[PDB]
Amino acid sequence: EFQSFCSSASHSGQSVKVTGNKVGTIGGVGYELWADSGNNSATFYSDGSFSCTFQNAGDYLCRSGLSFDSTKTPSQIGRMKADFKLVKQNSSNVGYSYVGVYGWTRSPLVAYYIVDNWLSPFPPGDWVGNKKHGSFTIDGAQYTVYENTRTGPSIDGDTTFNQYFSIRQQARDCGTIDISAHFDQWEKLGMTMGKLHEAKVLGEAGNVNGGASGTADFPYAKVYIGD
């Protein structure tokens, strides 16, 4: 059984269409489009919702939600949640994908993913991290938790950082991600959050061989501090 926005979601508010790599705000929501290559775009709305198009991309990320000043941990900020509705549309040669919540902390520098769905034919697998913590009940569903160490571009420049993942075992295309509940479970497993830099709804599609194309719609997406 489902929330009312799953039935009644639609894009509203002012919009911005970007086609180059860009971080910005639309109304009071923060957005970012980033891709390595291809003919890509994203349209971000002030109600939080957004739509994404990628063509011949290696790695494409469209995301919208919260941006912070990296001064406060999640517990100092308050409990956080993300409502989303994903509508998958056509795609081709999508070798990997994450859909759900993505963000960063500082001190420690960490990138984190709460993955409820994927635009690829199969969910991301064991390849996402070197440590597989196992299966956990988080926010009323089964998630596989992983941790990794990655070297590459980050919010600090090119460096190394930890990554935390929760990968949902059964895809969800509409509901509420209790972001802070994942933070709580991660802490029990020795995966500590630093000062929060962002928490955004993400659609990422890629292919290690290039050539990923498709579109995805998020007629609802809203990240908030509450409940």
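Sequential numbering from 1, following the sequence displayed.
- Mean CA temperature factor is higher for 32-40 when stretches 58-66 and 32-40 are set side by side in the entry.
- Between the stretches 122-130 and 96-104, it is 122-130 that shows the larger average CA temperature factor.
- Of the candidates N117, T144, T149, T73, the deposited coordinates give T73 the top C-alpha B factor.
- Looking at the C-alpha B-factors along this chain, the one for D47 belongs to the middle third.
- Compared with the other modelled residues of the chain, the Cα B-factor recorded for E198 ranks in the middle third.
- Ranked within its chain, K188 lands in the middle third, by CA B factor from the PDB record.
- Compared with the other modelled residues of the chain, the Cα B-factor recorded for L109 ranks in the lowest third.
- Sorting the modelled residues of the chain by their CA temperature factor places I138 in the lowest third.
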